[PDB]
Amino acid sequence: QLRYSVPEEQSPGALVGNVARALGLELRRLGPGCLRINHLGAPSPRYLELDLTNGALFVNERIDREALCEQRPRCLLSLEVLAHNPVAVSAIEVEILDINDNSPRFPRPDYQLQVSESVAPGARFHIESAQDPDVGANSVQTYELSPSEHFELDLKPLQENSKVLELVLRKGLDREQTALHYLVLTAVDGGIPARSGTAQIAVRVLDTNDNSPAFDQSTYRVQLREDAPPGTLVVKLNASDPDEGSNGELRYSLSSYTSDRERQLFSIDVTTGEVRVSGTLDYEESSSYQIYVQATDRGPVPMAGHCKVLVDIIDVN
Ligand SMILES: *[C@@H]1O[C@H](CO)[C@@H](O)[C@H](O)[C@H]1NC(C)=O
Ligand SMILES: *[C@H]1O[C@H](CO)[C@@H](O)[C@H](O)[C@@H]1O
Ligand SMILES: *[C@H]1O[C@H](CO)[C@@H](O)[C@H](O)[C@@H]1O
Ligand SMILES: [Ca+2]
Ligand SMILES: [Ca+2]
Ligand SMILES: [Ca+2]
Ligand SMILES: [Ca+2]
Ligand SMILES: [Ca+2]
Ligand SMILES: [Ca+2]
């Protein structure tokens, strides 16, 4: 047939071709109503018009390839040119070229991802692909991710013109270090200049009980007078747990390894961690005491920290 290529979205009056010269048709053989226009085997609006004065085919209306052909790779208008004296029918095909007049667009602007802190590196997360109503090179080609030490993208060709996008955990997460990672995902087409679309991804690091309680010091040394009354404050122990909520909540207790006698002599407060004197003290009975104290989590798997209190009884009278 006769074939022309017209880029979409040209303003009316743009020249397509010289039809009369191409088909060897004298202008006298052309008249009103001599141009028929078809799309997909059905008649269509006057996207094109033929000038009877110079035999030129030109753009008569806005031609939007996206509306016409959507995602189909080829966009073709079928024309019939009708001549008389003698009667002749010439078929013309007009290809509508795609331009990069659309940007890549994600279905949503904001995405939220929940990842447990225990999740090990090399884990992979589904992320939704962007869409670009253009075709070929003008459609989505590459993705890039905002700078992150923890996450990277994997982009793989899948079919003819679509790709698989995967979010990959490259480095371990630590909620105590950072609880929320802000990521921007950018989709880019292959048009020149390239057009972009972005989506925000918020990565929330869920807490695991991966920290055990810890005292400021391993060992405490205290001098206690033997005549110290019961309820006397021996020492205030401070333990801390950086985990979240129940996982960082501590209860103080004396270790089971402590002797029965010491439990009678000494007591510790479960919440505050104040070690106090319970029973009367005798330097003759004992020169020293060794109290083992532990602090425990309220997490699903309770975690513990330990320290030793060394009590020096001071002789009186
Ligand atoms: C525990 O913390 C309190 C509050 O700052 C402080 O007064 C006390 O000395 C601390 N105890 C120890 C053993 O450091
Ligand atoms: C759209 O914009 C992004 C940055 O926002 C570019 O990286 C891309 O190449 C396109 O120009
Ligand atoms: C992602 O970022 C681009 C460029 O900052 C915005 O234009 C877009 O709307 C989204 O916020
Ligand atoms: Ca268009
Ligand atoms: Ca287009
Ligand atoms: Ca595009
Ligand atoms: Ca941690
Ligand atoms: Ca934790
Ligand atoms: Ca903990």
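What you see below is based on every heavy atom in this structure, not just the backbone, and it leaves out hydrogens, waters and symmetry mates. Sequence positions, counted from 1, serve as the residue numbers for this chain.
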Value for CD1 (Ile291) from CD1 (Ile268), rounded to nearest 0.5 Å, stands at 8.5 Å
Would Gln114 and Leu206 count as a side-chain contact (heavy atoms from CB on, under 4.5 Å) if you check the C-alpha gap in whole Å, the side-chain angles of each, and the deciding distance to 0.1 Å? CA-CA 7 Å; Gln114 275 177 340; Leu206 305 180; 4.3 Å; yes
In terms of heavy-atom contacts, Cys307 and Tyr220 come closest through SG-CE1, 3.9 Å
Between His150 and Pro121, is there a donor-acceptor pair closer than 3.5 Å when you use the side chain of the first and the backbone of the second? no
Using atom types as modelled and distance alone, determine if a side-chain donor or acceptor of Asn60 lies under 3.5 Å from a backbone N or O of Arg46. yes
With hydrophobic residues grouped by side-chain heavy-atom distances under 4.5 Å, do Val6 and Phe58 end up in a single group? no
Exam field: side chain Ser116 to backbone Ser118, donor-acceptor pair closer than 3.5 Å: yes
Looking only at atom types and distance, does a side-chain atom of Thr232 sit under 3.5 Å from a main-chain N or O of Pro229, one as donor and one as acceptor? yes
I'd like to know if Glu95 and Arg3 make a salt bridge, using a cut-off of under 4.0 Å between side-chain N and carboxylate O. no
Heavy-atom closest pair, residues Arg29 and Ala88: NH2-CB, 3.7 Å
Evaluate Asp241 against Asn247 for side chain to side chain donor-acceptor pair (under 3.5 Å), listing each step before the verdict. CA-CA 8 Å; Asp241 198 282; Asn247 297 295; over 6 Å; no
Heavy atoms of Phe106 and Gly197 approach each other most closely as CE1-O, 3.6 Å
CA sep, side-chain torsions, deciding dist, call: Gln159, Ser162, side chain to side chain donor-acceptor pair (under 3.5 Å): CA-CA 6 Å; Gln159 49 179 203; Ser162 312; 2.5 Å; yes
Do any N or O atoms from the side chain of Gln223 and from the backbone of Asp312 form a donor-acceptor pair under 3.5 angstrom? no
Donor-acceptor pair, distance only, cut-off 3.5 Å: does the side chain of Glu226 make one with the backbone of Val316? yes
So, do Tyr283 and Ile314 sit near enough that their side-chain heavy atoms are less than 4.5 Å apart? no
Side chains of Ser196 and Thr186: is there a donor and an acceptor less than 3.5 Å apart? no
According to a hydrophobic-cluster definition based on side-chain heavy atoms being under 4.5 Å apart (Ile, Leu, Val, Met, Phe, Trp, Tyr only), do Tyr47 and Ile99 belong together? no
With no hydrogens and no angle check, is any side-chain donor or acceptor of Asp134 less than 3.5 Å from a backbone partner on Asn102? yes
Nearest 0.5 Å, what's the CD-CD1 distance between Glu8 and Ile96? 8.5 Å
Begin from the C-alpha positions of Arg225 and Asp227 and carry the test salt bridge (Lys or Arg N to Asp or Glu O under 4.0 Å) through to its verdict. CA-CA 5 Å; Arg225 281 165 63 83; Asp227 64 347; 3.0 Å; yes
So CG of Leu57 and CD of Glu49: to nearest 0.5 Å the spacing works out to 9.0 Å
Please determine which of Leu48, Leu79, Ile92 meets the side-chain contact (heavy atoms from CB on, under 4.5 Å) test together with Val19. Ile92
Can you tell me how far the OG atom of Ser288 sits from the CD1 atom of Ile313, to the nearest 0.5 Å? 7.0 Å
Would you say that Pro213 contacts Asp297 through its side chain, given a criterion of any heavy-atom pair below 4.5 Å between the two side chains? yes
Are any of the side-chain heavy atoms of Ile37 and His39 separated by less than 4.5 Å? no
If we only count heavy atoms from C-beta on, is the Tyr252 to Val275 side-chain gap below 4.5 Å? no
Main-chain N/O of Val311 paired to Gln290 side chain as donor or acceptor, under 3.5 Å: no
If you take all heavy atoms of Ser129 and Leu165, which pair is closest and at what distance? OG-CB, 4.2 Å
Closest non-hydrogen atoms of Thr258 and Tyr292, given as atom of the first, atom of the second and distance, are CG2-N, 3.7 Å
State plainly whether one hydrophobic cluster holds both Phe151 and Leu153, where clusters connect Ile, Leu, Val, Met, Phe, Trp and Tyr through side-chain heavy atoms under 4.5 angstrom apart. yes
So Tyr182 and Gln200, side chain to side chain donor-acceptor pair (under 3.5 Å) or not? Walk me through it. CA-CA 8 Å; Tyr182 197 107; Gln200 320 278 313; 2.3 Å; yes
If you take all heavy atoms of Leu23 and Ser90, which pair is closest and at what distance? CD1-CB, 3.5 Å
Stepwise side-chain contact (heavy atoms from CB on, under 4.5 Å) check, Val188 with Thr142: CA-CA 5 Å; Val188 187; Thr142 61; 3.4 Å; yes
Is it the case that one hydrophobic cluster holds both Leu113 and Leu185, taking links as side-chain heavy atoms less than 4.5 Å apart, direct or via other members? yes
Verdict with reasoning, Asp98 to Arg65, per salt bridge (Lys or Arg N to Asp or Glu O under 4.0 Å): CA-CA 6 Å; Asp98 174 69; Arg65 192 215 59 80; 3.1 Å; yes
Any donor-acceptor pair under 3.5 Å linking the side-chain atoms of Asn211 with those of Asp243? yes
Verify side-chain contact (heavy atoms from CB on, under 4.5 Å) between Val293 and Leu254, making sure each step is shown before the conclusion. CA-CA 5 Å; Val293 178; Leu254 298 180; 4.0 Å; yes
Step-by-step side-chain contact (heavy atoms from CB on, under 4.5 Å) determination, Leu310 to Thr219: CA-CA 7 Å; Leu310 295 177; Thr219 292; 3.9 Å; yes
Heavy atoms, side chains only, cut-off 4.5 Å: are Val203 and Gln112 in contact? no
Can you find a pair of side-chain heavy atoms, one from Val59 and one from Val16, that are under 4.5 Å apart? yes
Looking at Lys171 and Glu149, is there a salt bridge between them, counting it only when a charged N and a carboxylate O are closer than 4.0 Å? no
Consider only side-chain heavy atoms of I, L, V, M, F, W and Y, link residues closer than 4.5 Å, and tell whether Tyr111 and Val184 are in one cluster. no
Stepwise, does the salt bridge (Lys or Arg N to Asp or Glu O under 4.0 Å) test hold for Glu274 with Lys236? CA-CA 5 Å; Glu274 289 169 333; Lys236 174 61 168 64; over 6 Å; no
May I ask you to test the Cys34-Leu52 pair for a side-chain heavy-atom distance under 4.5 Å? yes
For the pair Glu166 and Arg124, evaluate salt bridge (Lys or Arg N to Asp or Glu O under 4.0 Å) and give the outcome as yes or no after the intermediate values. CA-CA 6 Å; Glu166 288 174 357; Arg124 307 204 150 210; 2.3 Å; yes
Measuring from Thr271:OG1 to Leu250:CG, what's the distance to the nearest 0.5 Å? 10.5 Å
For a side chain to side chain donor-acceptor pair (under 3.5 Å) check, start with the C-alpha distance between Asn38 and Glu80, then their side-chain angles and the critical distance, and finish with the verdict. CA-CA 8 Å; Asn38 298 272; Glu80 275 188 12; 5.5 Å; no
Nearest 0.5 Å please: distance from the CZ atom of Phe125 over to the CG atom of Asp154. 14.0 Å
Quick one: does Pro104's side chain get under 4.5 Å of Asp132's, heavy atoms only? yes
